[PDB]
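As structure tokens, the structure follows; a few thoughts come after it.
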Amino acid sequence: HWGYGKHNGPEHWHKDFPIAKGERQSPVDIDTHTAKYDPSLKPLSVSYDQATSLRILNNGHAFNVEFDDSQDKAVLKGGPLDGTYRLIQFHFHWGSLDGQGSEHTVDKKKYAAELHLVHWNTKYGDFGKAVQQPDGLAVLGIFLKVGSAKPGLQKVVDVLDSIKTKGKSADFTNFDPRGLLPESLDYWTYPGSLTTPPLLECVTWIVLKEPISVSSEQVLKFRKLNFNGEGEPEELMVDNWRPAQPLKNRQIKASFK
Ligand SMILES: NS(=O)(=O)c1ccc(-c2cnc(C(=O)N3CCOCC3)o2)s1
Ligand SMILES: [Zn+2]
């Protein structure tokens, strides 16, 4: 019953999920002047060359491109992380308009969308166990702005017709997530949470400073998705983002001077 409407949206989540008001909630505003460069942060290691995508799913909140995470095939390492985190899925959050849509903000600036590459700590055996741990997940966040098209996003865009409504899925093999990365891997990092219910406080957030550009046509196709199931009243899947939450007792660290 939670969602993003006037009656079930982020302001309501705390009633079913009291951790919504917790001590390490995401997303947050990234105050670029207050984030501290941390020279002890390792370079980030993104190893996606062996990635195996399987499926794309409209889950009624966003769409997930899911990966085979039954072996170490696509991993995130280094940066603030100890150990090996395996890619399980990626998805996006986006707006009804180019001026909003991202979950994280940068000096209060909202981007048109935000990509989340979700990884789980292999020390915990599977995703389900990992989300119960303070260091269970690493989500790589990448901002999208509207400008030139992102060629590597287009295979995703073109399959969206086939998963228009909640619960629809489609085969989605041989998609290469390296096509969605910016040039630079400079990042901010802080400890936080899933940004949707159950809002578990299990994520090390790694948010890239460099946005990717997508075209107006690409983002328009995101906005044609539906929150509803087939044969239900059409509600466009837009504004599926949670706003910035209080930073509280946390420091955001920068990987770069
Ligand atoms: N916006 S976010 O913070 O990146 C995020 C919010 C919720 C996520 C979630 C929950 N379950 C999964 C998942 O991929 N699985 C694993 C178990 O639940 C169903 C499928 O992802 S990922
Ligand atoms: Zn997300």
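Ligands are numbered from 1 in the order shown, chains are lettered A, B, ... in the order of the structure tokens, and residues start at 1 in each chain.
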
Long-range neighbours of residue 208 of chain A as a ChimeraX atom specification, 12 Å cut-off, only C-alpha atoms, 5 positions minimum in chain: /A:30,44,79,104-106,114-117,139-144,181-189,253-256

Could you take the residues named above and write them with C-alpha atoms, as a CSV table (one decimal), in the first residue's frame?
chain,number,residue,atom,x,y,z
A,30,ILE,CA,25.1,16.4,-0.5
A,44,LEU,CA,36.6,2.5,-6.5
A,79,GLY,CA,36.5,2.9,-2.3
A,104,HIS,CA,20.1,12.6,-3.7
A,105,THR,CA,20.6,16.3,-4.3
A,106,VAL,CA,23.8,18.3,-4.7
A,114,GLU,CA,19.1,8.9,-10.5
A,115,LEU,CA,20.4,5.4,-11.4
A,116,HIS,CA,21.0,2.9,-8.5
A,117,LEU,CA,23.3,0.0,-9.1
A,139,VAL,CA,24.5,1.2,-3.9
A,140,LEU,CA,26.3,3.1,-6.6
A,141,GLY,CA,24.2,6.3,-7.4
A,142,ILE,CA,24.6,8.1,-10.7
A,143,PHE,CA,22.8,11.3,-11.6
A,144,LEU,CA,21.1,11.7,-15.0
A,181,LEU,CA,28.8,4.9,-16.3
A,182,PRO,CA,30.2,8.4,-16.6
A,183,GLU,CA,33.9,8.9,-17.4
A,184,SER,CA,35.0,9.8,-13.9
A,185,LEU,CA,34.6,7.6,-10.8
A,186,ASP,CA,35.0,10.5,-8.3
A,187,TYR,CA,32.4,10.0,-5.6
A,188,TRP,CA,30.8,11.0,-2.3
A,189,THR,CA,30.2,8.4,0.3
A,253,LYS,CA,33.3,12.0,2.6
A,254,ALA,CA,34.6,12.9,-0.9
A,255,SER,CA,37.0,10.8,-2.9
A,256,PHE,CA,38.4,13.8,-4.7

Once you count only C-alpha atoms and all ligand atoms, which residues end up within 7 Å of ligand 1, and could you hand them over as JSON, numbers by chain? {"A": [88, 89, 116, 118, 127, 128, 139, 193, 194, 195, 196, 197, 199]}

Please write the residues from the selection above to a file, keeping N, CA, C and O atoms, as a PDB file, in the first residue's frame.
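The file below, result-v7.pdb, is the result:
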ATOM      1  N   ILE A  88      23.329  -7.104  -7.993  1.00  0.00           N
ATOM      2  CA  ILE A  88      22.068  -7.845  -8.092  1.00  0.00           C
ATOM      3  C   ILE A  88      21.070  -7.230  -9.096  1.00  0.00           C
ATOM      4  O   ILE A  88      20.370  -7.943  -9.832  1.00  0.00           O
ATOM      5  N   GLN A  89      20.968  -5.909  -9.104  1.00  0.00           N
ATOM      6  CA  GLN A  89      20.026  -5.228 -10.000  1.00  0.00           C
ATOM      7  C   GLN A  89      20.401  -3.758 -10.103  1.00  0.00           C
ATOM      8  O   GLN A  89      21.136  -3.255  -9.262  1.00  0.00           O
ATOM      9  N   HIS A 116      20.500   3.685  -9.648  1.00  0.00           N
ATOM     10  CA  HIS A 116      20.978   2.937  -8.506  1.00  0.00           C
ATOM     11  C   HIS A 116      21.424   1.559  -8.947  1.00  0.00           C
ATOM     12  O   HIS A 116      20.591   0.735  -9.372  1.00  0.00           O
ATOM     13  N   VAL A 118      22.632  -1.676  -7.441  1.00  0.00           N
ATOM     14  CA  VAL A 118      22.519  -2.236  -6.079  1.00  0.00           C
ATOM     15  C   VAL A 118      23.429  -3.467  -5.967  1.00  0.00           C
ATOM     16  O   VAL A 118      23.324  -4.385  -6.788  1.00  0.00           O
ATOM     17  N   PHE A 127      21.380 -11.687  -0.718  1.00  0.00           N
ATOM     18  CA  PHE A 127      20.817 -10.348  -0.578  1.00  0.00           C
ATOM     19  C   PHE A 127      19.922 -10.232   0.647  1.00  0.00           C
ATOM     20  O   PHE A 127      20.013  -9.246   1.392  1.00  0.00           O
ATOM     21  N   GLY A 128      19.075 -11.251   0.850  1.00  0.00           N
ATOM     22  CA  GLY A 128      18.146 -11.260   1.965  1.00  0.00           C
ATOM     23  C   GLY A 128      18.834 -11.128   3.313  1.00  0.00           C
ATOM     24  O   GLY A 128      18.361 -10.407   4.166  1.00  0.00           O
ATOM     25  N   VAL A 139      25.234   0.700  -2.714  1.00  0.00           N
ATOM     26  CA  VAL A 139      24.492   1.185  -3.882  1.00  0.00           C
ATOM     27  C   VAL A 139      25.303   2.292  -4.528  1.00  0.00           C
ATOM     28  O   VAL A 139      25.678   3.278  -3.865  1.00  0.00           O
ATOM     29  N   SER A 193      20.545   4.199   3.920  1.00  0.00           N
ATOM     30  CA  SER A 193      19.452   3.202   3.910  1.00  0.00           C
ATOM     31  C   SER A 193      18.914   2.891   2.510  1.00  0.00           C
ATOM     32  O   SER A 193      19.237   3.589   1.542  1.00  0.00           O
ATOM     33  N   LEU A 194      18.098   1.841   2.394  1.00  0.00           N
ATOM     34  CA  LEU A 194      17.221   1.726   1.227  1.00  0.00           C
ATOM     35  C   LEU A 194      16.382   3.005   1.201  1.00  0.00           C
ATOM     36  O   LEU A 194      15.984   3.519   2.260  1.00  0.00           O
ATOM     37  N   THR A 195      16.111   3.544   0.015  1.00  0.00           N
ATOM     38  CA  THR A 195      15.290   4.760  -0.085  1.00  0.00           C
ATOM     39  C   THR A 195      13.805   4.475  -0.299  1.00  0.00           C
ATOM     40  O   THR A 195      13.025   5.417  -0.509  1.00  0.00           O
ATOM     41  N   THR A 196      13.432   3.188  -0.303  1.00  0.00           N
ATOM     42  CA  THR A 196      12.014   2.788  -0.274  1.00  0.00           C
ATOM     43  C   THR A 196      11.819   1.838   0.902  1.00  0.00           C
ATOM     44  O   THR A 196      12.799   1.240   1.393  1.00  0.00           O
ATOM     45  N   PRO A 197      10.551   1.664   1.353  1.00  0.00           N
ATOM     46  CA  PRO A 197      10.293   0.613   2.336  1.00  0.00           C
ATOM     47  C   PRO A 197      10.936  -0.685   1.845  1.00  0.00           C
ATOM     48  O   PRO A 197      10.929  -0.948   0.623  1.00  0.00           O
ATOM     49  N   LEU A 199      13.137   0.450   3.968  1.00  0.00           N
ATOM     50  CA  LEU A 199      14.000   1.569   4.447  1.00  0.00           C
ATOM     51  C   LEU A 199      15.109   1.110   5.397  1.00  0.00           C
ATOM     52  O   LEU A 199      15.551   1.873   6.265  1.00  0.00           O
TER      53      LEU A 199
END

For residue 100 of chain A, please output as a PyMOL selection string all residues within 12 Å (counting only C-alpha atoms; exclusion window: fewer than 2 positions along the same chain). chain A and resi 93-98+102-105+108-114+143-146+219+238-243

For ligand 2, the nearest of the candidates A:227, A:175, A:92, A:2, counting only C-alpha atoms and all ligand atoms: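 The closest residue to ligand 2 is A:92.
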
In segment 76-170 of chain A, DSSP helix (DSSP H, G or I) residues written as a tab-separated table (two decimals) with N, CA, C and O atoms, in the first residue's frame:
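Listing of out-v1.tsv after writing:
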chain	number	residue	atom	x	y	z
A	122	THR	N	29.17	-10.05	-0.17
A	122	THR	CA	29.20	-11.49	-0.35
A	122	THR	C	29.49	-12.24	0.95
A	122	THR	O	29.32	-13.39	0.97
A	123	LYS	N	29.93	-11.53	1.97
A	123	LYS	CA	30.22	-12.19	3.21
A	123	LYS	C	28.94	-12.68	3.87
A	123	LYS	O	29.00	-13.47	4.72
A	124	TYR	N	27.81	-12.12	3.44
A	124	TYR	CA	26.51	-12.47	4.02
A	124	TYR	C	25.70	-13.50	3.23
A	124	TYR	O	24.55	-13.79	3.58
A	127	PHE	N	21.38	-11.69	-0.72
A	127	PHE	CA	20.82	-10.35	-0.58
A	127	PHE	C	19.92	-10.23	0.65
A	127	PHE	O	20.01	-9.25	1.39
A	128	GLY	N	19.07	-11.25	0.85
A	128	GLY	CA	18.15	-11.26	1.96
A	128	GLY	C	18.83	-11.13	3.31
A	128	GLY	O	18.36	-10.41	4.17
A	129	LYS	N	19.96	-11.80	3.50
A	129	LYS	CA	20.71	-11.70	4.77
A	129	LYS	C	21.47	-10.39	4.86
A	129	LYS	O	21.59	-9.78	5.94
A	130	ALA	N	21.99	-9.95	3.71
A	130	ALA	CA	22.78	-8.71	3.64
A	130	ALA	C	21.97	-7.50	4.11
A	130	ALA	O	22.50	-6.67	4.85
A	151	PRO	N	23.89	6.37	-25.40
A	151	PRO	CA	23.65	5.24	-26.31
A	151	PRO	C	23.44	3.94	-25.54
A	151	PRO	O	22.59	3.13	-25.91
A	152	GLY	N	24.17	3.78	-24.45
A	152	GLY	CA	24.14	2.54	-23.69
A	152	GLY	C	22.86	2.32	-22.89
A	152	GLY	O	22.64	1.22	-22.40
A	153	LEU	N	22.03	3.35	-22.78
A	153	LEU	CA	20.73	3.25	-22.12
A	153	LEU	C	19.64	2.78	-23.08
A	153	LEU	O	18.56	2.37	-22.64
A	154	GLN	N	19.88	2.86	-24.40
A	154	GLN	CA	18.77	2.74	-25.35
A	154	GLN	C	18.12	1.35	-25.35
A	154	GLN	O	16.90	1.25	-25.47
A	155	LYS	N	18.92	0.30	-25.18
A	155	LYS	CA	18.34	-1.05	-25.11
A	155	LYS	C	17.34	-1.16	-23.94
A	155	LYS	O	16.35	-1.88	-24.04
A	156	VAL	N	17.60	-0.43	-22.85
A	156	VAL	CA	16.68	-0.40	-21.70
A	156	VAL	C	15.38	0.32	-22.11
A	156	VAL	O	14.27	-0.19	-21.88
A	157	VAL	N	15.54	1.49	-22.72
A	157	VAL	CA	14.42	2.34	-23.14
A	157	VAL	C	13.49	1.55	-24.06
A	157	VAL	O	12.27	1.57	-23.90
A	158	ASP	N	14.07	0.83	-25.01
A	158	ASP	CA	13.28	0.15	-26.03
A	158	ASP	C	12.51	-1.09	-25.55
A	158	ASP	O	11.64	-1.60	-26.27
A	159	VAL	N	12.82	-1.58	-24.36
A	159	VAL	CA	12.11	-2.74	-23.85
A	159	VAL	C	10.94	-2.32	-22.93
A	159	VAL	O	10.08	-3.13	-22.57
A	160	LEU	N	10.89	-1.03	-22.57
A	160	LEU	CA	9.90	-0.53	-21.60
A	160	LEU	C	8.43	-0.70	-22.02
A	160	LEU	O	7.55	-0.88	-21.17
A	161	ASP	N	8.19	-0.67	-23.33
A	161	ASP	CA	6.86	-0.97	-23.89
A	161	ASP	C	6.36	-2.32	-23.46
A	161	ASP	O	5.16	-2.50	-23.24
A	162	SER	N	7.26	-3.29	-23.34
A	162	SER	CA	6.86	-4.66	-23.03
A	162	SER	C	6.61	-4.91	-21.55
A	162	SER	O	6.12	-5.98	-21.18
A	163	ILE	N	6.97	-3.95	-20.69
A	163	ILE	CA	6.77	-4.06	-19.23
A	163	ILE	C	6.01	-2.83	-18.69
A	163	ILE	O	6.38	-2.22	-17.67

State, in Å with one decimal place, the distance from atom CA of residue 138 of chain A to atom CA of residue 67 of chain A. 15.3 Å

Mind pulling up the distance from atom CA of residue 43 of chain A to atom CA of residue 75 of chain A?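 Separating atom CA of residue 75 of chain A from atom CA of residue 43 of chain A is a distance of 14.0 Å.
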
For residue 207 of chain A, the closest of A:38, A:49, A:66, A:29 counting only C-alpha atoms is A:29

Contacts of residue 14 of chain A at 12 Å (only C-alpha atoms; same-chain gap of 3+ positions) as a ChimeraX atom specification: /A:2,8-11,17-22,25,196-199

With C-alpha atoms retained, could you export that selection as an mmCIF file, in the first residue's frame?
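Result file is again37.cif:
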data_model
loop_
_atom_site.group_PDB
_atom_site.id
_atom_site.type_symbol
_atom_site.label_atom_id
_atom_site.label_comp_id
_atom_site.auth_asym_id
_atom_site.auth_seq_id
_atom_site.Cartn_x
_atom_site.Cartn_y
_atom_site.Cartn_z
ATOM 1 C CA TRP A 2 2.976 2.391 0.277
ATOM 2 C CA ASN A 8 0.581 6.819 0.515
ATOM 3 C CA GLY A 9 3.780 8.721 -0.321
ATOM 4 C CA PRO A 10 7.043 9.324 1.594
ATOM 5 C CA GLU A 11 5.340 11.415 4.307
ATOM 6 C CA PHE A 17 8.032 1.668 8.660
ATOM 7 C CA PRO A 18 9.043 3.575 11.837
ATOM 8 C CA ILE A 19 12.734 3.418 10.741
ATOM 9 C CA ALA A 20 11.699 6.145 8.212
ATOM 10 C CA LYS A 21 12.627 8.623 10.977
ATOM 11 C CA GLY A 22 15.797 6.693 11.897
ATOM 12 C CA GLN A 25 18.048 7.473 6.307
ATOM 13 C CA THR A 196 12.014 2.788 -0.274
ATOM 14 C CA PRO A 197 10.293 0.613 2.336
ATOM 15 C CA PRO A 198 11.457 -1.354 4.189
ATOM 16 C CA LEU A 199 14.000 1.569 4.447
#

In terms of the shortest atom-to-atom distance over only C-alpha atoms, which of A:7, A:168, A:86, A:55 is closest to residue 71 of chain A? A:86

Quick check for you: according to DSSP on this backbone, which residues of segment 4-252 of chain A are classed as strand (DSSP E or B)? Reply as a short mmCIF file (atom, residue, chain, number, x, y, z; two decimals) with N, CA, C and O atoms, in the first residue's frame.
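Okay, part_8.cif is ready:
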data_model
loop_
_atom_site.label_atom_id
_atom_site.label_comp_id
_atom_site.auth_asym_id
_atom_site.auth_seq_id
_atom_site.Cartn_x
_atom_site.Cartn_y
_atom_site.Cartn_z
N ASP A 29 20.79 15.42 1.08
CA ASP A 29 21.41 16.46 0.28
C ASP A 29 22.91 16.36 0.48
O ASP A 29 23.37 16.18 1.61
N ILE A 30 23.66 16.44 -0.61
CA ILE A 30 25.12 16.43 -0.55
C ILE A 30 25.58 17.90 -0.60
O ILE A 30 25.52 18.56 -1.65
N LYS A 36 34.02 16.28 3.30
CA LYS A 36 35.47 16.32 3.47
C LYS A 36 36.18 15.32 2.55
O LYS A 36 35.84 14.12 2.54
N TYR A 37 37.16 15.81 1.80
CA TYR A 37 38.08 14.94 1.09
C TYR A 37 38.74 13.98 2.08
O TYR A 37 39.25 14.41 3.12
N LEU A 44 37.69 3.44 -6.36
CA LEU A 44 36.59 2.53 -6.54
C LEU A 44 36.94 1.51 -7.62
O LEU A 44 37.58 1.85 -8.61
N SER A 45 36.49 0.28 -7.44
CA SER A 45 36.73 -0.77 -8.40
C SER A 45 35.41 -1.34 -8.88
O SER A 45 34.74 -2.07 -8.17
N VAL A 46 35.07 -1.01 -10.12
CA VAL A 46 33.86 -1.51 -10.76
C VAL A 46 34.29 -2.55 -11.79
O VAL A 46 34.98 -2.22 -12.76
N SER A 47 33.91 -3.81 -11.57
CA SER A 47 34.28 -4.90 -12.49
C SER A 47 33.02 -5.54 -13.02
O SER A 47 32.52 -6.50 -12.44
N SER A 53 23.06 -10.02 -17.18
CA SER A 53 21.68 -9.59 -16.92
C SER A 53 20.72 -10.71 -17.33
O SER A 53 21.03 -11.51 -18.21
N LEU A 54 19.56 -10.78 -16.68
CA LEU A 54 18.61 -11.83 -16.97
C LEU A 54 17.26 -11.30 -17.41
O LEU A 54 16.63 -11.80 -18.35
N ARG A 55 16.79 -10.27 -16.72
CA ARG A 55 15.39 -9.93 -16.77
C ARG A 55 15.19 -8.48 -16.44
O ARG A 55 15.98 -7.88 -15.68
N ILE A 56 14.11 -7.93 -16.98
CA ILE A 56 13.69 -6.59 -16.59
C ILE A 56 12.26 -6.68 -16.04
O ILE A 56 11.41 -7.34 -16.65
N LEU A 57 12.03 -6.04 -14.90
CA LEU A 57 10.75 -6.17 -14.18
C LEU A 57 10.18 -4.81 -13.78
O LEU A 57 10.89 -4.01 -13.16
N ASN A 58 8.91 -4.56 -14.11
CA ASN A 58 8.18 -3.42 -13.54
C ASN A 58 7.58 -3.90 -12.23
O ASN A 58 6.74 -4.80 -12.24
N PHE A 63 11.46 0.13 -12.38
CA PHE A 63 11.78 -1.10 -13.08
C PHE A 63 13.20 -1.54 -12.76
O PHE A 63 14.13 -0.72 -12.70
N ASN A 64 13.36 -2.85 -12.55
CA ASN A 64 14.66 -3.42 -12.23
C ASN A 64 15.20 -4.23 -13.38
O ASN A 64 14.52 -5.12 -13.89
N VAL A 65 16.44 -3.94 -13.76
CA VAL A 65 17.22 -4.86 -14.59
C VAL A 65 18.01 -5.74 -13.63
O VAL A 65 18.88 -5.24 -12.86
N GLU A 66 17.67 -7.02 -13.64
CA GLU A 66 18.19 -8.00 -12.67
C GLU A 66 19.35 -8.77 -13.28
O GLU A 66 19.35 -9.04 -14.50
N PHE A 67 20.29 -9.16 -12.43
CA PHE A 67 21.52 -9.85 -12.85
C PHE A 67 21.65 -11.20 -12.17
O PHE A 67 21.09 -11.42 -11.10
N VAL A 75 31.24 -7.14 -9.86
CA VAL A 75 31.45 -6.73 -8.48
C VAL A 75 31.95 -5.31 -8.32
O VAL A 75 32.63 -4.74 -9.20
N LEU A 76 31.58 -4.74 -7.18
CA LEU A 76 32.07 -3.46 -6.75
C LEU A 76 32.98 -3.71 -5.53
O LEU A 76 32.62 -4.46 -4.61
N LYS A 77 34.17 -3.11 -5.56
CA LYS A 77 35.18 -3.25 -4.50
C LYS A 77 35.89 -1.90 -4.30
O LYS A 77 35.70 -0.96 -5.08
N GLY A 78 36.71 -1.82 -3.26
CA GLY A 78 37.53 -0.63 -3.05
C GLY A 78 36.68 0.53 -2.59
O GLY A 78 35.60 0.33 -2.04
N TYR A 85 31.31 -6.75 -3.13
CA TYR A 85 29.89 -6.58 -3.28
C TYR A 85 29.44 -6.95 -4.69
O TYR A 85 29.95 -6.43 -5.69
N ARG A 86 28.46 -7.84 -4.76
CA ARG A 86 27.96 -8.37 -6.02
C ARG A 86 26.74 -7.60 -6.54
O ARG A 86 25.78 -7.36 -5.79
N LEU A 87 26.78 -7.24 -7.82
CA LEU A 87 25.64 -6.59 -8.48
C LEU A 87 24.45 -7.53 -8.56
O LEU A 87 24.55 -8.62 -9.13
N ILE A 88 23.33 -7.10 -7.99
CA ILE A 88 22.07 -7.85 -8.09
C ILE A 88 21.07 -7.23 -9.10
O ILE A 88 20.37 -7.94 -9.83
N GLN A 89 20.97 -5.91 -9.10
CA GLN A 89 20.03 -5.23 -10.00
C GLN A 89 20.40 -3.76 -10.10
O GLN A 89 21.14 -3.26 -9.26
N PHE A 90 19.91 -3.09 -11.15
CA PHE A 90 19.86 -1.64 -11.14
C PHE A 90 18.46 -1.13 -11.48
O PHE A 90 17.67 -1.83 -12.12
N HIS A 91 18.18 0.11 -11.09
CA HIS A 91 16.91 0.75 -11.40
C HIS A 91 17.13 2.25 -11.36
O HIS A 91 18.24 2.71 -11.07
N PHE A 92 16.08 2.99 -11.65
CA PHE A 92 16.14 4.45 -11.65
C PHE A 92 14.99 5.01 -10.84
O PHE A 92 13.98 4.32 -10.63
N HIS A 93 15.14 6.27 -10.46
CA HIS A 93 14.06 7.11 -9.92
C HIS A 93 14.05 8.36 -10.79
O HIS A 93 15.11 8.85 -11.17
N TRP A 94 12.86 8.86 -11.13
CA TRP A 94 12.81 9.97 -12.08
C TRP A 94 11.59 10.82 -11.85
O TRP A 94 10.72 10.45 -11.08
N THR A 105 20.46 14.94 -3.71
CA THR A 105 20.59 16.26 -4.30
C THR A 105 22.00 16.77 -4.07
O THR A 105 22.70 16.29 -3.16
N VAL A 106 22.44 17.70 -4.90
CA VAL A 106 23.79 18.25 -4.72
C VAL A 106 23.67 19.75 -4.53
O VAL A 106 23.26 20.45 -5.44
N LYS A 109 20.43 20.98 -5.54
CA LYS A 109 20.07 20.75 -6.93
C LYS A 109 19.48 19.34 -7.13
O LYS A 109 20.09 18.35 -6.71
N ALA A 113 16.93 12.50 -13.00
CA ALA A 113 16.79 11.10 -12.58
C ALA A 113 18.04 10.67 -11.83
O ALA A 113 19.03 11.42 -11.76
N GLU A 114 17.98 9.48 -11.25
CA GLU A 114 19.11 8.88 -10.55
C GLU A 114 19.07 7.36 -10.75
O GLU A 114 18.03 6.72 -10.53
N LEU A 115 20.21 6.84 -11.21
CA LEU A 115 20.45 5.40 -11.36
C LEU A 115 21.05 4.81 -10.08
O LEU A 115 21.97 5.37 -9.50
N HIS A 116 20.50 3.69 -9.65
CA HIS A 116 20.98 2.94 -8.51
C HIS A 116 21.42 1.56 -8.95
O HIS A 116 20.59 0.73 -9.37
N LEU A 117 22.74 1.32 -8.89
CA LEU A 117 23.30 -0.04 -9.09
C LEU A 117 23.47 -0.67 -7.71
O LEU A 117 24.30 -0.22 -6.88
N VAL A 118 22.63 -1.68 -7.44
CA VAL A 118 22.52 -2.24 -6.08
C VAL A 118 23.43 -3.47 -5.97
O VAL A 118 23.32 -4.38 -6.79
N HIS A 119 24.31 -3.48 -4.96
CA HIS A 119 25.25 -4.61 -4.73
C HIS A 119 25.15 -5.12 -3.30
O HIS A 119 24.93 -4.34 -2.40
N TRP A 120 25.34 -6.43 -3.10
CA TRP A 120 25.33 -6.98 -1.73
C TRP A 120 26.65 -7.63 -1.33
O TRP A 120 27.38 -8.20 -2.16
N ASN A 121 26.97 -7.47 -0.05
CA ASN A 121 28.21 -7.95 0.53
C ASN A 121 28.24 -9.49 0.56
O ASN A 121 27.44 -10.13 1.25
N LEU A 137 24.92 -3.71 2.09
CA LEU A 137 24.68 -3.31 0.71
C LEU A 137 25.60 -2.16 0.34
O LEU A 137 25.98 -1.36 1.20
N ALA A 138 25.96 -2.10 -0.94
CA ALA A 138 26.61 -0.92 -1.51
C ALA A 138 25.80 -0.50 -2.74
O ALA A 138 25.64 -1.29 -3.67
N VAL A 139 25.23 0.70 -2.71
CA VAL A 139 24.49 1.18 -3.88
C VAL A 139 25.30 2.29 -4.53
O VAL A 139 25.68 3.28 -3.87
N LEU A 140 25.58 2.11 -5.82
CA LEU A 140 26.27 3.11 -6.62
C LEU A 140 25.22 4.01 -7.27
O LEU A 140 24.41 3.54 -8.08
N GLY A 141 25.21 5.29 -6.89
CA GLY A 141 24.25 6.27 -7.38
C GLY A 141 24.84 7.16 -8.47
O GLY A 141 25.95 7.68 -8.33
N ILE A 142 24.11 7.31 -9.57
CA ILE A 142 24.62 8.08 -10.72
C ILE A 142 23.50 9.02 -11.15
O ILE A 142 22.37 8.58 -11.42
N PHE A 143 23.79 10.32 -11.19
CA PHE A 143 22.77 11.30 -11.60
C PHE A 143 22.60 11.30 -13.12
O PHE A 143 23.55 11.07 -13.86
N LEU A 144 21.37 11.56 -13.56
CA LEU A 144 21.07 11.74 -14.97
C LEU A 144 20.59 13.16 -15.17
O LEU A 144 19.69 13.63 -14.47
N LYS A 145 21.21 13.84 -16.14
CA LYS A 145 20.70 15.10 -16.64
C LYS A 145 20.23 14.94 -18.10
O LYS A 145 20.67 14.03 -18.81
N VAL A 146 19.37 15.85 -18.53
CA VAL A 146 18.81 15.78 -19.88
C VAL A 146 19.68 16.63 -20.81
O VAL A 146 19.94 17.83 -20.55
N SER A 169 7.22 -8.60 -16.66
CA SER A 169 8.65 -8.79 -16.80
C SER A 169 8.99 -9.24 -18.22
O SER A 169 8.14 -9.77 -18.95
N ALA A 170 10.24 -9.02 -18.61
CA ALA A 170 10.70 -9.46 -19.92
C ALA A 170 12.13 -9.96 -19.85
O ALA A 170 12.96 -9.40 -19.12
N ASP A 171 12.43 -10.98 -20.64
CA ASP A 171 13.81 -11.43 -20.78
C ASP A 171 14.69 -10.24 -21.13
O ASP A 171 14.31 -9.37 -21.93
N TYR A 187 33.63 10.30 -6.32
CA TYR A 187 32.38 10.02 -5.62
C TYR A 187 32.32 10.68 -4.25
O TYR A 187 33.34 11.05 -3.66
N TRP A 188 31.09 10.79 -3.74
CA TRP A 188 30.85 11.05 -2.32
C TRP A 188 30.34 9.75 -1.69
O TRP A 188 29.66 8.96 -2.36
N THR A 189 30.65 9.54 -0.42
CA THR A 189 30.18 8.35 0.29
C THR A 189 29.70 8.68 1.72
O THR A 189 30.31 9.51 2.41
N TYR A 190 28.62 8.02 2.14
CA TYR A 190 28.09 8.14 3.49
C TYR A 190 27.27 6.88 3.82
O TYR A 190 26.84 6.16 2.88
N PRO A 191 27.08 6.58 5.13
CA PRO A 191 26.27 5.43 5.52
C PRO A 191 24.77 5.78 5.53
O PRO A 191 24.40 6.79 6.10
N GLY A 192 23.93 4.97 4.90
CA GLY A 192 22.50 5.28 4.85
C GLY A 192 21.61 4.06 4.70
O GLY A 192 21.89 3.01 5.30
N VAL A 203 22.91 0.28 3.90
CA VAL A 203 23.59 0.71 2.67
C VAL A 203 24.80 1.62 2.92
O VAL A 203 24.73 2.60 3.67
N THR A 204 25.91 1.29 2.26
CA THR A 204 26.98 2.25 2.07
C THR A 204 26.70 2.90 0.73
O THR A 204 26.76 2.25 -0.32
N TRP A 205 26.37 4.19 0.75
CA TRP A 205 26.06 4.91 -0.48
C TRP A 205 27.33 5.42 -1.12
O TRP A 205 28.19 5.99 -0.45
N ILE A 206 27.44 5.23 -2.43
CA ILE A 206 28.57 5.75 -3.20
C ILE A 206 27.92 6.51 -4.36
O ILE A 206 27.30 5.91 -5.25
N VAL A 207 28.03 7.83 -4.33
CA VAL A 207 27.31 8.66 -5.30
C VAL A 207 28.36 9.39 -6.14
O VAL A 207 29.17 10.17 -5.62
N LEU A 208 28.32 9.11 -7.44
CA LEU A 208 29.26 9.68 -8.39
C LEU A 208 28.98 11.16 -8.61
O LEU A 208 27.83 11.59 -8.73
N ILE A 212 25.54 11.36 -15.86
CA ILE A 212 25.47 10.98 -17.26
C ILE A 212 24.41 11.82 -17.94
O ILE A 212 23.49 12.30 -17.28
N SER A 213 24.55 12.04 -19.25
CA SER A 213 23.49 12.72 -20.01
C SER A 213 22.59 11.71 -20.68
O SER A 213 23.08 10.72 -21.25
N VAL A 214 21.28 11.94 -20.60
CA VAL A 214 20.31 11.15 -21.37
C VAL A 214 19.49 12.12 -22.20
O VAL A 214 19.43 13.31 -21.88
N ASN A 226 3.75 2.66 -16.10
CA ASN A 226 2.60 2.76 -15.21
C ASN A 226 2.93 2.17 -13.85
O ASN A 226 3.59 1.14 -13.76
N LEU A 236 0.59 7.20 -14.37
CA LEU A 236 1.93 7.23 -14.92
C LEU A 236 2.95 7.03 -13.81
O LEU A 236 2.82 7.63 -12.73
#
